[PDB]
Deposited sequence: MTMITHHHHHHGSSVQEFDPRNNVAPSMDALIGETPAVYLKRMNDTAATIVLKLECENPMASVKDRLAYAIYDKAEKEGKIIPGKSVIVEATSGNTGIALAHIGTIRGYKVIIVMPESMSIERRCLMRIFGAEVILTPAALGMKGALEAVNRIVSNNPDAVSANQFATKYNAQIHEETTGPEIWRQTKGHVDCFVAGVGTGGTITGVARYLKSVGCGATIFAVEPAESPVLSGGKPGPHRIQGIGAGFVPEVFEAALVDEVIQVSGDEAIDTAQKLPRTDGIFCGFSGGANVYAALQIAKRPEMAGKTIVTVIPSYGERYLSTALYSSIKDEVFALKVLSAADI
């Protein structure tokens, strides 16, 4: 509705989306143009802000939830939980996040910082244990709702309505290729739906881990008919790319950003892609992953640094 550069936003959820895009510069040694959609710039530092926004906005417009009455419940340890907790507290909903006790204490802490009730389930039960706990909570409290049921309904839709149109505007209607990893499938499905709807013939590439190539579970949100090709990227390739992006381009992202950019660079090296514009997504900001395997090699390096003697000063 408003330019955030020129106005005061009514609340933090009003600053979700309309994220910037940037050219890949130093790392792009190819003949193609690579455009990064910076979902890492959302208020809670990931693409999942848009999904959480959709859930609260659309469910309330359909009368499925009421602030101060409905309780939003989800099994997650990821950015979706953070974003649900964030928007929930702003809008005055109780939020219950269920996750195994074996997940990172940092992720646990982030949910609690936004006042979510965090229900921890035994490590020995895994994600199944968290899903079972959610089922019990939702079934037994008439005012509890499952976020996942709304996420499934609204996920691709929000990307068709926001992410896609933004990309189209930012590139001035120039997209030859779109590359994105599949988590929930929302981003790739909603963007590809949008691009099809505006008559854009862009080729659509899904990215998945070589170590878990299930697209090659399949989320209900994901629409395989919109995808032209699957690129598999190894953990090592994703990590190497994410470790280099800060130095080459000042881009600080997670594992998925590394995978997406690696995939884009592989596509860009194809002769037929010369001079084409390839768009991909940086899903999340890197700082959330500082304690993970993504940056552990750098952590080991700085841990071992020598200290100057007083005599060398």
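J.: What ranges of the deposited sequence are left out of this structure?
T.: Several stretches lack coordinates - namely 1 to 16, 233 to 247, in sequence order.
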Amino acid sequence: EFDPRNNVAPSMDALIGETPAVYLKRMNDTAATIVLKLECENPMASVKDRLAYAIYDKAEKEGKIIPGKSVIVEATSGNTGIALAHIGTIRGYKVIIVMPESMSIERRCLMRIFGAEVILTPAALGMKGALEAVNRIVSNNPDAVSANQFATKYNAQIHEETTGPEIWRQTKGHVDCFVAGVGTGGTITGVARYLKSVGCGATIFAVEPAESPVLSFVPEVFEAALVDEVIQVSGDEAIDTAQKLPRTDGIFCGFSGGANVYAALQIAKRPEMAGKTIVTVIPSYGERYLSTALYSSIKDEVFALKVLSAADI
From here on, numbers count along this sequence of modelled residues.
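J.: Of 202 to 210 and 156 to 164, which one has the bigger average CA B-factor?
T.: Averaged over C-alpha atoms, the B-factors run higher in 202 to 210.
J.: Going by the B-factors listed in the PDB entry, is the mean over the C-alpha atoms higher for 32 to 40 or for 56 to 64?
T.: Comparing 32 to 40 with 56 to 64, the higher average CA B-factor belongs to 56 to 64.
J.: Which has the highest CA B-factor per the PDB entry: 215, 175, 82, 180?
T.: Of the candidates given, the C-alpha B-factor peaks at 215.
J.: Which has the highest CA B-factor per the PDB entry: 133, 151, 125, 239?
T.: Of the options given, 151 has the highest CA B-factor in the PDB entry.
J.: Using only modelled residues of the chain, where does the Cα B factor of residue 48 rank: lowest third, middle third or highest third?
T.: Lowest third - that is where residue 48 ends up once the chain's C-alpha B-factors are sorted.
J.: Which third, lowest, middle or highest, does the CA B-factor of residue 282 fall in along this chain?
T.: Residue 282: CA B-factor falls in the lowest third of its chain.
J.: According to the PDB entry, is the CA B factor of residue 169 in the bottom, middle or top third of its chain, that is, lowest, middle or highest?
T.: It falls in the middle third of the chain.
J.: Would you please rank residue 247 by its C-alpha temperature factor against the other modelled residues of its chain and give the third it falls in: lowest, middle or highest?
T.: It falls in the bottom third of the chain.
J.: How does the C-alpha B factor of residue 11 compare with the rest of the chain: lowest, middle or highest third?
T.: Its C-alpha B-factor belongs to the lowest third of this chain's values.
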